[PDB]
Structures are given as C-alpha cells and as structure tokens.
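Written out below as structure tokens is the structure these notes cover.
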Amino acid sequence: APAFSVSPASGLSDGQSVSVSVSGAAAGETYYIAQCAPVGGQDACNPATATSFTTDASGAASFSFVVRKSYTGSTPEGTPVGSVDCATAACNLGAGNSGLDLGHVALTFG
Ligand SMILES: C=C1Oc2cc(OC)cc(C(=O)O[C@H]3COC(=O)C[C@H]([NH3+])c4cc(O)c(c(Cl)c4)O[C@@H]4c5ccc3cc5C3=CC=C[C@@]34O[C@@H]3OC(C)(C)[C@@H](N(C)C)[C@@H](O)[C@H]3O)c2NC1=O
Numbered sequence: 001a002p003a004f005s006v007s008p009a010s011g012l013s014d015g016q017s018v019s020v021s022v023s024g025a026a027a028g029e030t031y032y033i034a035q036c037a038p039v040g041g042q043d044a045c046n047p048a049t050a051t052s053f054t055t056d057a058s059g060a061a062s063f064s065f066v067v068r069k070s071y072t073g074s075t076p077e078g079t080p081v082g083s084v085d086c087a088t089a090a091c092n093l094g095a096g097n098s099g100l101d102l103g104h105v106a107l108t109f110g
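This is the structure in structure tokens:
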C-alpha cells in the first residue's frame with residue numbers, strides 16, 4: 001500500500017483547509033478524495049467534496065483540501081443515506097479510486 005497523510009487530523013473545524021499529500025502512487029492515474037463517515041450499518045460519503053486529483057511524474061501528489069464538520073452522508077453508489085455531523089460524531093477522510101486505494105485518515109472536529 002502506498003502512503004497518504006494530512007497535516008492536521010484532530011480538533012478541526014468547518015471550512016478549515018488542510019494540506020494533504022499522497023505518495024508511493026504512480027504518474028498516469030487519478031484518485032478521488034472526499035470525506036466520509038460510517039453509521040453502524042452502512043457508509044455515507046460527501047457527494048459535494050468529490051474531486052479527482054492525478055499524481056505527478058514521480059507518482060506523488062499534494063494539494064489543499066477543505067473539510068466540513070457537518071455534511072449529508074450518501075453512498076458513492078448513488079443513494080441518500082441520511083445526514084452526518086462531526087460536531088460530536090466520528091468521521092474519516094478516504095482517498096483512492098477503482099484500482100488503487102490510497103489510505104484512510106481519521107478526523108475529529110472539536
Ligand atoms: C463522481 C463521483 O461522485 C461521488 C459521489 C459520492 O457520493 C457521496 C462519493 C464519491 C467519492 O469520493 O467516493 C469515495 C468515498 O470514499 C470511500 O469510500 C473511502 C473508502 N476508503 C474507499 C471506498 C472505495 O469503494 C474505494 C476506495 Cl479506494 C476507498 O474504491 C474506490 C473508491 C474510493 C473512494 C470513493 C469511492 C470509491 C469507489 C467506490 C467503489 C470503488 C471505488 O472506485 C470508484 O467506483 C466508482 C463507481 C465510485 C467510480 N465512479 C465512476 C465515480 C469511481 O469513483 C471509482 O474510482 C464520489 N466520487 C466521485 O468520483
């Protein structure tokens with residue numbers, strides 16, 4: 001598995017933007033990055049922050065991604081699951097695409 005880390009990862013805030021950076025990947029591929037949050041049963045991701053970033057010549061990447069304490073969850077397949085709120089709940093950003101999974105960083109608004 002390649003590497004994937006974010007600057008901060010706790011006591012975050014809505015609108016707060018962190019500088020993420022992935023490595024070990026390979027130039028010639030694009031991965032989707034977005035915040036998500038499971039719900040003791042299914043999985044709801046953010047359909048708003050769904051951007052696709054490609055790696056560089058050395059298969060490395062690094063950019064600024066904003067976050068949102070609260071956000072309506074919704075499986076990436078195409079179905080509404082409900083609303084989510086990290087104000088007092090648990091959340092975790094995930095990256096990767098259909099072929100190469102990057103990593104999963106847990107966040108914590110507070
Ligand atoms: C147009 C988009 O619209 C949405 C809507 C949404 O609902 C809120 C959530 C996400 C999102 O960001 O989902 C994220 C949600 O993040 C996670 O799910 C984190 C989890 N750690 C994870 C889940 C997962 O399925 C996966 C990986 Cl690498 C990681 O594989 C690939 C993967 C990684 C991340 C995501 C989804 C997948 C796919 C689903 C099935 C296989 C995957 O492979 C993905 O399968 C599809 C079918 C999703 C595909 N499709 C053409 C987009 C493309 O994204 C492909 O990389 C997006 N992204 C979009 O591109």
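If you count by the entry's author numbering, then the sequence shown holds residues 1 to 110, one letter each, in order.
Cβ coordinates follow ideal geometry from the N, Cα and C atoms, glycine included.
> Could you check where the beta strand (DSSP E) with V67 kicks off and where it finishes?
Replying inline: On the sequence shown, position 67 is the one that residue 67 refers to. Segment: none, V67 is in no beta strand (DSSP E) and carries neither H nor E.
> Between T51 and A34, what straight-line distance do the alpha-carbon atoms span, to the nearest angstrom?
Replying inline: Within the sequence shown, the letter at position 51 stands for residue 51. Within the sequence shown, the letter at position 34 stands for residue 34. Looking at the two C-alpha atoms, the distance is approximately 7 Å.
> Taking the Cβ atom as the reference point for each residue, do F4 and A95 lie within a distance shorter than 9 Å?
Replying inline: Residue mapping note: residue 4 aligns to position 4 of the sequence shown, counting from 1. Residue mapping note: residue 95 aligns to position 95 of the sequence shown, counting from 1. Yes, Cβ-Cβ distance for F4 and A95 is below 9 Å.
>> Taking the beta strand (DSSP E) that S21 belongs to, which residues open and close that run?
In response: To locate residue 21, count along the sequence shown from 1; it is residue 21. Unbroken beta strand (DSSP E) run through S21: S17 to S23.
> Taking 8 Å as the cut-off, does the CB of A3 come closer than this to any heavy atom belonging to ligand 1?
Replying inline: Here residue 3 refers to the residue found at position 3 when the sequence shown is read from its first residue. Answer for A3: no, Cβ out of range of ligand 1.
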